[PDB]
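Chain and residue survey
What follows is each chain in one-letter form.
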Amino acid sequence: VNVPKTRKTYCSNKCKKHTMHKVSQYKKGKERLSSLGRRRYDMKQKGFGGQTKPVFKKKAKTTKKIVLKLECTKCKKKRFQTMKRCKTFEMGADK
Amino acid sequence: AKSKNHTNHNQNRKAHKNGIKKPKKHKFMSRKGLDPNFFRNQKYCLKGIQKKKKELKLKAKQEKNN
Amino acid sequence: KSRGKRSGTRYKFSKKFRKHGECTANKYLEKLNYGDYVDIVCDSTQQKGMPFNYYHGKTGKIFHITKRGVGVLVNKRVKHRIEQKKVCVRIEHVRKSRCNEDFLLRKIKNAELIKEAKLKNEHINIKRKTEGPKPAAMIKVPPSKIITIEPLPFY
RNA sequence: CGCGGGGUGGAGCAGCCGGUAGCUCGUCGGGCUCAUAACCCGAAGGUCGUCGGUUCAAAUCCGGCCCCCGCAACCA
RNA sequence: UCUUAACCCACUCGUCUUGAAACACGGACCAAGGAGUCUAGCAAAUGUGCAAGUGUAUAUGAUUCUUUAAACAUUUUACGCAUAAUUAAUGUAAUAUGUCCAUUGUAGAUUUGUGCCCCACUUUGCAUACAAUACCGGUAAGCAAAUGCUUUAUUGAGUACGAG
RNA sequence: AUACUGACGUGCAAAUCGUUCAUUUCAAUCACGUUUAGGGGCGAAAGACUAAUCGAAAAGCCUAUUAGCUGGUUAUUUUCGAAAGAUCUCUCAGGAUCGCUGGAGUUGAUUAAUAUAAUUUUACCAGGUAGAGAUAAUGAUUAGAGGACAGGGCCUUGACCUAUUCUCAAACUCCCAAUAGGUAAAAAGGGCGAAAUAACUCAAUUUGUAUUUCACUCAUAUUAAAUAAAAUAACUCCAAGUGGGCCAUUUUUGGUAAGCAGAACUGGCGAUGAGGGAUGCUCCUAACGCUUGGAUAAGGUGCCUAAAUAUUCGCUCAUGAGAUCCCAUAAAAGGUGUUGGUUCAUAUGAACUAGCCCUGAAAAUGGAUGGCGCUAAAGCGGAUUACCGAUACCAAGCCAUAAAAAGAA
RNA sequence: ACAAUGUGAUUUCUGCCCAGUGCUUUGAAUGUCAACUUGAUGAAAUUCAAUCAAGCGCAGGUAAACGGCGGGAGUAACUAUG
RNA sequence: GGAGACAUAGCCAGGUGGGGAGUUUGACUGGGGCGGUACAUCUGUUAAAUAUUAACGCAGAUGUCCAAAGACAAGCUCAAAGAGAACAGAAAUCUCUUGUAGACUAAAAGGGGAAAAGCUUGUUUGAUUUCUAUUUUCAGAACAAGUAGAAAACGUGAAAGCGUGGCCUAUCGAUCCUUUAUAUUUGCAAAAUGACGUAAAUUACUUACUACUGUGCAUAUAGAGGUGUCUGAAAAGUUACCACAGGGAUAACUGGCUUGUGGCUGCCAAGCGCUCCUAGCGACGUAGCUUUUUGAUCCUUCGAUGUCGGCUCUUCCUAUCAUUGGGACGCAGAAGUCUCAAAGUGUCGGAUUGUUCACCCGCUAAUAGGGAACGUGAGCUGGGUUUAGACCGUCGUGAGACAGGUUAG
RNA sequence: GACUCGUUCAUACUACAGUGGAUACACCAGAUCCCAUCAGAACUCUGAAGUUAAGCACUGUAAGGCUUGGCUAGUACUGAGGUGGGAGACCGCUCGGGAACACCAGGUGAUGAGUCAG
């Protein structure tokens, strides 16, 4: 599935109207140590007793919902747009 | 372990024990979903009619007292 | 087994023969009021606003009208209870109902009859009375022109 | 009789990862040698089990039949 | 009353099981003992006492001292729950004040009258149901020089003469 | 301690006794004392042994451990009275939540009605299953005929065109039922008018829309089609039991079939006595306080066994006849047994036909129209009555429950 | 000599395979790979780097370690086999 | 003496670690298991003409693909067939005629679709933000999929209009957690971190006035990252050493229903039988009967009906092998062969087996076939399947397993 | 007589013929400009010289189809009842409801609003 790098579409906030946005792929971030659940989990895990939470070994999907980051040309805002679960994904280089 | 699947048996007969209940058929019905613009104008009209009734009632009462 | 939206509609949502393609504009022009009764009868060409299987050929009151939609309160039996359910349908699927039209015609004739009866100062009975009473009757057929019948024999 | 793998040259493997089917031995024509092989040079040969289907294009992918091998028959 | 008779009828009780007279299970017999309780918290029900309050808590007090281990009393903003909701939350929070009159409908209990008393009109119009407006907290959107604003949306177990 | 798988097997004994047999100078046997202790010991290994205890000893305790599972779960009368469907569930022997049930209340009701209704009527629709079709399409599918690309040896066979023709389909459809389903039959409303209100609406402040206030007026003084022990209706609350069902007719899917598995509609049983079905949870009749009497039902009337060896017309003899649904066998096929028919021929000869009967028709204790029996029936097929026949039905009494009257000298 | 195994008098011998799974031998050339430590950063917490650990990985050794020990065609002056 | 700042010991840390510990090893299920998914789903059909509806019913499909195959507009008509045209032929392109879709519509199957919903082209990104009422499943909760609108901003068309993904029916996922978006909204608990900002004042803890104030963490709202046993446990084997709780809700034993399979009896008439349908036969076909077969089954029994066979012992059946009486013959006699009344009477010795069965050798007069809880374990026996010991092969990493074979019980 | 906007959506379709052109429609002529392509074929624009030859209208045809009606047929089918029949398979009866194909006969449209020359 293929989207171009730019799209004229509605900005809701700080720009109030249809304008250009640059279009990019969300990369799914990365965890930091100072998160509350991780703090709790590390403390509980620590000491005698082995593993203290489930381990999600089971899996059924090789695919992912794709979610675009829309970055406003006019204003400094980001906006999300999510779309159908895909095994195949492309940016630019049209047919 | 080897179960029976289904039957509709007796359910209709059970329904007929208290009968099949039917609408209460109210003359007024809550109108949240009904046509914006036209319904807010109706709200203004209704408020207008209430105001018209209020103006009539207040003036008539004040006239009667005098 | 499966239970998707159009489940079991092969025969039911087929076109009638010689009725294929888009239907006349003048169907759509038909005028509807709030509190009309209206039948839900569906041509299969226009696919948006298509009601569920149960509501085909059903009748109910219009409670709401929109741009090309009509809300219709239809009764559905849900096990041990009938309840009123808000079926949104299209201009395409609404047919003006006819039970009301018999009442209207009946009222009109009755009103003229009421005017006449009041004018003449004599009571009338409106009632759509019984079928079964027959007066005494005559057969004037010649006595040898009557048809003589007997049972039918075998092959 | 129930599961799963496999049918391409005379023979046995490649292609078989969709279009252009490769290699060896075998076969065939010519050399070399009292003579014959070995040896050297050059060619010909595939219908891709069969009946139907997809796809722009099928020997290959998709089914059903036909053969071939591999599993299976245990607690009763 | 007991007792045999005789005519007609009369299959081991309990039990789980769709189904037991069973070739289903328990029971030789008799007597005594032998299994939905108690506490905690909660709910609805119905009674009772009081009501925008209620309970009197720990405890104090007394001309209270076999039974008294209860009964009686408590020298005017203690606490529980109820008298306000909303909400992650700083917080905010209920007609709108020209009027001691006191939200709008439609049915609806009750009342005046007319033409002993049912009546047939009218007449007045609670509970409650169905709706409706208002208005408050949240959230939008529009605005924003902050006594934050704005018709409009939405949302709460809301609120519109307190019931606990 | 090998065998007699001896005796014994409520013993002499919770492993004894008899006879047989292995061992007998060594890895020998015996004593006493001693060591090693419980997930521990010790084991020439068999998971062997560790005090009638062992794939984890004995004692005591946490403990009344836990158990969706098994068993049991205690006086009386009266009233209402089910479900064995459903959804989700590490769920399929369970639970929760729906359904059906009860209690309690309130609302409605008392005005023979209106609300209301496993009902029809008259209007009004919606259909594509049964059926029917191949000359309508799809898939089949058997024949010839008539015509202008190919095969065989200018001639012939085909295909192919054209009109036909035979038989067809759960998952084909030109057409198309019955049954089942929905809307409808007027007063909190509807008519036709006026006036108001809008920030909706059109060019257009009546141009409409919708709403509101005033009018005029629609059957119901038998009710805008019937009929209705139609409020025994609603509605709220709180809760139970239940979630393994089964049987029958009819439609029905799988399976060779099945008292088999699986569905549909309805009725039963379950949860149910009573009378018949010879007997029999379910078939038929019919649902039940206590009693008296009647007359009937299903069903009977040869006797057992209550009423007819009734009447009346046929048919029927069997060297294994036959005899009341479910129901306990029975067919294709024959018959110069007898009885009716019907077509032919010349009261005779043919041919068919279906009624009875016969053959087809073999099984396991002794053996089953229920038994005895029955043939001028007590058989089979009719009809005609009478009689007998229930706790069902009618009248009467008494009991309780429910409702209604009526009542605070 | 002690500890640990396998086999089980005598007699006769004990074929192949270190790939797999084991065990085992060498190590900064060497891939991965921890705490502490060391430096960089920021106002600090922090955030980053850096470090011959063993192990594994790479490379050997070992079957009286665990173990394992194929399938088709064609071919001989009768016929058959090969 | 020897060793020596290394050991060692303590505390951290990585690794190794079935030596030992604690635990997991689904469900549906024509029994269990290998298998499958009927476990989340979508189509048609089954389904009995509203709808409803089950099976390990049937024919199937699913976990995607799409910057165009989306959106709007404009133009066009497809498949095919005939008649023509250099290379060029059965197919290549071009033309004229004929062409209700026989094409195509991403992919299943079914519906819909001809001035399109197909094809070509133009312009584009609405495959946008916010919100209801709802419809589907159904609790009429969730999620998911839809429909009809509304508030915005736009895109497209000449305008009317249409556009909130794919012509419709499929293409999917809670809480907690993580992550990135978003905010003149918030918090981190006695206080503060812009900025001494703007004014005044000036002995100083002066005095006013200011929407925008550190790192880190927490929120709130919105997505995404996944649970396919798909309303959501982090979970492999094994027991022939085993124990316990239940179970006729469920096998192995009888019985029962059925009779596919087996067995037995038919009907027929093409052939065979020199010649000749039927003396004897009898196909291709077609009807019954039975349960001495094997099944199908799961009604009955799991707080037990002793699990094979032999021995022994008696009785019943006939579907008669012989003995008695016959009928027919393809019969000269001798025989012999088919057949009927017949169940009075008889039907053996061994060899080999765990054996029903089977198979030799021999007698006989012939050496028929069955029933009796698969006749017959408080009649016996204990050889066998089938307790616990053991062996070999194969399979299993292993522990172990084997309607594989063997010995001891 | 003619045309425009329509409506029903075959009586309106299809096929082959014949009949008709005052006004009108159409066929037809041209390409500068707007426009459009390979092509003035179409489409666009501009003409008005000719013509019923076509389009179109009307009618005909043993037309085909569609469409009504009869007849198929009270046949097939079917709801309820029955201790009705039949060995079963199935078939009557009582109360009811009731088709389809073929065939045969007829028909081949009607209509709202506006306009022009009568």
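Numbers given for residues start from 1 on each chain and follow the written sequence, which can depart from the numbering in the entry; residues without coordinates are excluded. Chains carry letters and ligands carry numbers; both start at the beginning, A for chains and 1 for ligands, and go up in the order they are written. A larger assembly contains the chains displayed, and the values given here are confined to that displayed part. Calculated side-chain values reflect all of the structure's heavy atoms, with hydrogen atoms and water omitted.

For this entry, the PDB record names cryo-EM as the structure determination method and reports a resolution of 4.7 Å.

1. A few points about the sheet that holds strand β4 (residues 81–90) of chain C
Residues and elements named next belong to chain C. If you trace the five strands from one edge of the open sheet to the other, you get β4-β3-β2-β1-β5, paired in antiparallel fashion. Looking at strand neighbours, the two that pair on one side only are β4 and β5 (94–96), the edges of this open sheet. Along the sheet, successive strands turn relative to each other by an average axial angle of 45 degrees, direction set aside. Relative to β4, strand β3 (residues 69–78) runs antiparallel, the two being bridged by 10 bridges. Each residue of the ladder has a partner; that of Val78, found in β4, is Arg81. Strand pairing requires that DSSP identify at least two bridges connecting the strands. Under the scheme used here, helices are H or I runs from DSSP no shorter than 4 residues and strands are E runs no shorter than 2 residues, and both carry numbers assigned from the N terminus. All axes here are fitted lines through C-alpha atoms, helices being fitted over the stretch that makes contact, and every angle between N-to-C directions spans 0 to 180 degrees.

2. Thoughts on the protein's contact with RNA strand E
In this text, near means that some heavy atom of the residue lies within 4 Å of the molecule or strand in question. The local shell around RNA strand E holds 16 residues, among which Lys16 of chain A together with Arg31, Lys32, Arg40 and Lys53 of chain B are the closest. In RNA strand E, atoms within 4 Å of the protein come from the sugar-phosphate backbone in 98% of cases. Between N or O atoms, a polar contact is any pair within 3.5 Å; within protein, one atom must be a potential hydrogen donor and the other a potential acceptor, and residues adjacent in sequence are included only when both atoms are from side chains. At a separation of 2.7 Å, a sugar or linking oxygen of RNA strand E approaches a polar backbone atom of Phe28 of chain B. Measuring from a phosphate oxygen of RNA strand E, one finds a side-chain N or O atom of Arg40 of chain B at 2.7 Å. Taken together, the residues that form the surface near RNA strand E break down as four nonpolar, three polar and nine charged. When residues are grouped by polarity, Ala, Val, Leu, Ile, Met, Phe, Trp, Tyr, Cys and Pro land in nonpolar, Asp, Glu, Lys and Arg in charged, and all others, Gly among them, in polar.

3. Here we look at the protein's contact with RNA strand I
Residue and element names in this part refer to chain C. In the vicinity of RNA strand I, the contacting residues are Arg18, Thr24 and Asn26. Taken together, the sugar and phosphate atoms account for 86% of what RNA strand I places within 4 Å of the protein. Between RNA strand I and the protein, one listed contact pairs a phosphate oxygen with a side-chain N or O atom of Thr24 at 2.7 Å. Within the contact set of RNA strand I, a phosphate oxygen lies 3.0 Å away from a side-chain nitrogen or oxygen of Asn26.

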